[PDB]
Every structure is written in C-alpha cells, then in structure tokens.
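Undergrad: The following file, run_11.cif, comprises mmCIF, C-alpha atoms:
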```
data_upload
#
loop_
_atom_site.label_atom_id
_atom_site.label_comp_id
_atom_site.auth_asym_id
_atom_site.auth_seq_id
_atom_site.Cartn_x
_atom_site.Cartn_y
_atom_site.Cartn_z
CA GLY A 1 0.00 0.00 0.00
CA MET A 2 1.87 3.11 1.19
CA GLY A 3 5.15 1.21 0.68
CA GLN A 4 6.61 2.83 3.82
CA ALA A 5 7.81 1.07 6.99
CA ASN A 6 9.45 1.98 10.32
CA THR A 7 12.63 0.51 8.79
CA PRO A 8 13.88 0.33 5.16
CA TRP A 9 14.54 -3.43 5.39
CA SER A 10 10.93 -3.97 6.53
CA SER A 11 9.17 -3.25 3.21
CA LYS A 12 10.25 -4.06 -0.37
CA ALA A 13 9.96 -0.44 -1.55
CA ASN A 14 11.43 0.92 1.70
CA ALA A 15 14.50 -1.35 1.39
CA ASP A 16 15.19 -0.31 -2.23
CA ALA A 17 15.61 3.40 -1.39
CA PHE A 18 17.94 2.38 1.46
CA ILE A 19 20.12 0.48 -1.03
CA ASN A 20 20.17 3.32 -3.59
CA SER A 21 20.79 6.00 -0.93
CA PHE A 22 23.57 3.82 0.53
CA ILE A 23 25.54 3.73 -2.76
CA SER A 24 24.90 7.35 -3.83
CA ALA A 25 25.71 8.45 -0.25
CA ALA A 26 28.65 6.07 0.30
CA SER A 27 30.14 7.11 -3.07
CA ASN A 28 30.10 10.73 -1.84
CA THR A 29 31.29 9.93 1.70
CA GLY A 30 34.63 8.06 1.70
CA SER A 31 36.20 7.18 -1.67
CA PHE A 32 34.52 4.24 -3.44
CA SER A 33 36.38 4.74 -6.74
CA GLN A 34 34.42 4.03 -9.94
CA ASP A 35 35.97 0.55 -9.71
CA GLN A 36 34.35 0.00 -6.29
CA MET A 37 30.96 1.09 -7.68
CA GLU A 38 31.19 -1.82 -10.15
CA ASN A 39 30.79 -4.16 -7.16
CA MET A 40 27.39 -2.52 -6.61
CA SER A 41 26.32 -4.30 -9.81
CA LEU A 42 26.46 -7.45 -7.65
CA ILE A 43 25.60 -5.87 -4.28
CA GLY A 44 23.07 -3.16 -3.38
CA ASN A 45 20.82 -2.64 -6.43
CA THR A 46 21.42 -6.38 -6.90
CA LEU A 47 19.54 -7.08 -3.65
CA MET A 48 16.41 -5.94 -5.52
CA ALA A 49 16.88 -8.93 -7.85
CA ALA A 50 16.61 -11.17 -4.77
CA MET A 51 13.18 -9.70 -3.97
CA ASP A 52 12.00 -10.91 -7.40
CA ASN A 53 12.24 -14.42 -5.93
CA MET A 54 9.65 -13.39 -3.32
CA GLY A 55 7.09 -12.92 -6.12
CA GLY A 56 6.07 -9.49 -4.77
CA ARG A 57 5.72 -10.53 -1.11
CA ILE A 58 8.23 -9.27 1.47
CA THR A 59 8.19 -9.66 5.27
CA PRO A 60 10.06 -8.31 8.34
CA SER A 61 11.46 -11.72 9.32
CA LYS A 62 12.63 -12.36 5.74
CA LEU A 63 14.20 -8.93 5.17
CA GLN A 64 15.68 -9.20 8.68
CA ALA A 65 18.04 -11.94 7.45
CA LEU A 66 18.65 -10.27 4.06
CA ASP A 67 19.02 -6.81 5.64
CA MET A 68 22.15 -8.11 7.40
CA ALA A 69 23.49 -9.46 4.08
CA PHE A 70 23.54 -5.93 2.63
CA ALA A 71 25.88 -4.93 5.48
CA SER A 72 28.22 -7.88 4.82
CA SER A 73 28.06 -7.33 1.04
CA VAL A 74 28.65 -3.57 1.31
CA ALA A 75 31.49 -4.18 3.79
CA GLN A 76 33.25 -6.75 1.58
CA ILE A 77 33.14 -4.26 -1.32
CA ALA A 78 34.51 -1.25 0.58
CA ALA A 79 36.41 -3.23 3.25
CA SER A 80 38.40 -4.76 0.37
CA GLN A 81 39.15 -1.30 -1.05
CA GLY A 82 41.91 0.49 0.89
CA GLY A 83 43.23 -1.61 3.80
CA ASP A 84 42.32 1.41 5.96
CA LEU A 85 38.75 0.34 6.82
CA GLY A 86 38.52 3.42 9.09
CA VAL A 87 37.26 5.50 6.14
CA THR A 88 34.93 2.80 4.77
CA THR A 89 33.43 2.79 8.27
CA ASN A 90 32.46 6.45 7.79
CA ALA A 91 31.65 5.82 4.11
CA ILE A 92 29.48 2.73 4.65
CA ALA A 93 28.14 4.05 7.98
CA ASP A 94 27.45 7.52 6.54
CA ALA A 95 25.62 5.93 3.58
CA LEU A 96 23.50 3.85 5.99
CA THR A 97 22.99 6.88 8.25
CA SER A 98 21.57 9.09 5.46
CA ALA A 99 19.51 6.19 4.05
CA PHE A 100 17.88 5.67 7.47
CA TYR A 101 16.45 9.21 7.52
CA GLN A 102 16.13 9.22 3.72
CA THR A 103 13.91 6.11 3.96
CA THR A 104 12.00 6.04 7.29
CA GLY A 105 13.94 7.93 9.99
CA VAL A 106 15.32 5.26 12.35
CA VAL A 107 18.52 5.39 14.42
CA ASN A 108 21.46 4.57 12.13
CA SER A 109 23.71 3.83 15.13
CA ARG A 110 21.68 0.72 16.05
CA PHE A 111 22.06 -0.84 12.58
CA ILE A 112 25.34 0.85 11.58
CA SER A 113 26.77 -0.14 14.99
CA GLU A 114 26.51 -3.82 13.99
CA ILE A 115 27.90 -3.09 10.51
CA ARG A 116 30.72 -0.89 11.86
CA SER A 117 31.94 -3.88 13.90
CA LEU A 118 31.48 -6.25 10.93
CA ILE A 119 33.48 -4.05 8.52
CA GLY A 120 36.45 -3.93 10.92
CA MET A 121 36.27 -7.75 11.02
CA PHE A 122 36.90 -8.04 7.26
CA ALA A 123 40.09 -6.00 7.78
CA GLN A 124 41.47 -8.86 9.91
CA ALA A 125 40.62 -11.46 7.25
CA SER A 126 42.13 -9.34 4.45
CA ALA A 127 45.34 -9.16 6.50
CA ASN A 128 45.79 -12.90 5.87
CA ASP A 129 45.74 -12.35 2.09
CA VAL A 130 48.81 -10.09 2.25
CA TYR A 131 50.53 -12.69 4.45
CA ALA A 132 50.03 -15.06 7.41
CA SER A 133 49.24 -13.11 10.60
CA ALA A 134 52.04 -13.33 13.19
CA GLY A 135 51.73 -14.00 16.94
CA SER A 136 53.04 -10.44 17.39
CA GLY A 137 51.79 -7.37 15.49
#
```
Would you mind writing the structure in this file as structure tokens?
TA:
Amino acid sequence: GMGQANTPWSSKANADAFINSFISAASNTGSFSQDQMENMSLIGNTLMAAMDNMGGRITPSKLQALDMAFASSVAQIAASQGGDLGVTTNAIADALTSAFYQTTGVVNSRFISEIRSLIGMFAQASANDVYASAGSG
C-alpha cells in the first residue's frame, strides 16, 4: 500500500531506497572509486533482484536476514578497497545513516553499529591475504 515502513529493510519499496541511498551516499562519503561502484552491480541494487524471488511478497522476518546481508556485502566491497577500513566505516556508515532518515527515519547507530563492527572484522581477514598473521603485530 503506502510502501513505507518503520525501517527500510521492513518493506520491499522501503528497502530499495535504502540500497540506492547507501551507494549514492557512500560514493560521496569516503572514496569508493568508480571501480568500487562496479561491485554494486552485484551488491546493493542487486539485492532488488533477490526480492524478485519473493514474487512481490516481502516480510520483516525475511528482510531481517537479508538486511544483514547488505551490510556484509557492502562491507566486503569497501572493506576490500583500501586496507584502511577506518574510512569505509564512515563511508558505509554515513551511507546507511543518510539512508535511514532518507527512507524512514530510524537510528542509524543501532544498525550501523553492527555493521561498523562487521566491517572492521573483514580488515582482519584481508590481513591474511597479504601474508600469514604473526603472533606479534
């Protein structure tokens, strides 16, 4: 009906704006070079393709699990760009912060807080790619 919901990952139309606002906002927050935006072709606007499997029926318990995926997908894209995840934190977080108010108006800290900790986690895994972690920093 209205297509609005207390949270963007609660309705199908409310989640879309959150994804679009996250990329347009994240691309203007940290760096996200044009090469990083290419990943969006698989993450973000791609999430909409997953809704097509629903057949036009979305739910809070279903988007609840997928909503978290967007954070892990957006983190892997930016967390992989620039070992310094400190900026991606502000970039990804800022994008999610503006999308929150740009979509429904919920606290971005509650959701971004979980993503902020997840993004920093990818930094530890990417450290293994450059080499094997050592007992001492």
Undergrad: Can you list, as a list in words, every protein, DNA or RNA residue that comes within 9 Å of residue A:124 when you count all atoms listed in the file, leaving out same-chain residues fewer than 4 positions away?
TA: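 These residues fall inside the cut-off: residues 120, 128 and 133 of chain A.
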Undergrad: What are the closest atom pairs, with distances in Å to one decimal, for each residue of stretch 13-53 of chain A lying within 7 Å of stretch 61-85 of chain A, using all atoms listed in the file, rows by chain and rising residue number, as a Markdown table?
TA:
```
| residue | atom | partner | partner_atom | distance |
| --- | --- | --- | --- | --- |
| A:32 | CA | A:78 | CA | 6.8 |
| A:36 | CA | A:77 | CA | 6.7 |
| A:39 | CA | A:77 | CA | 6.3 |
| A:43 | CA | A:73 | CA | 6.0 |
| A:44 | CA | A:70 | CA | 6.6 |
```
Undergrad: Run the PyMOL selection byres ((chain A and resi 23-30) around 10) mentally over the shown coordinates, then write out the matched residues as an MDAnalysis selection string, using the chain letters and numbers from the document.
TA: chainID A and resid 18:22 31:34 36:37 40 43:45 74 78 86:99
Undergrad: What does the distance from atom CA of residue A:50 to atom CA of residue A:17 come to in Å, to one decimal?
TA: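 Between atom CA of residue A:50 and atom CA of residue A:17 the gap works out to 15.0 Å.
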Undergrad: Name the residues that the PyMOL selection byres ((chain A and resi 8) around 10) pulls out of this structure, and write them as a PyMOL selection string.
TA: chain A and resi 3-7+9-19+60+63+67+99-106
Undergrad: Mind giving me the straight-line distance from atom CA of residue A:108 to atom CA of residue A:41 in Å, one decimal?
TA: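 Going from atom CA of residue A:108 over to atom CA of residue A:41, I get 24.2 Å.
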Undergrad: Report, as JSON, the axis-aligned box around all atoms of stretch 67-78 of chain A present in the file, extended by 8 Å on each side; give centre and edge lengths in Å to one decimal place.
TA:
```
{"center_x": 26.8, "center_y": -5.4, "center_z": 3.0, "size_x": 31.5, "size_y": 24.2, "size_z": 24.7}
```
Undergrad: Please measure the separation of atom CA of residue A:112 and atom CA of residue A:47, giving the value in Å to one decimal.
TA: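 We find that atom CA of residue A:112 and atom CA of residue A:47 lie 18.1 Å from each other.
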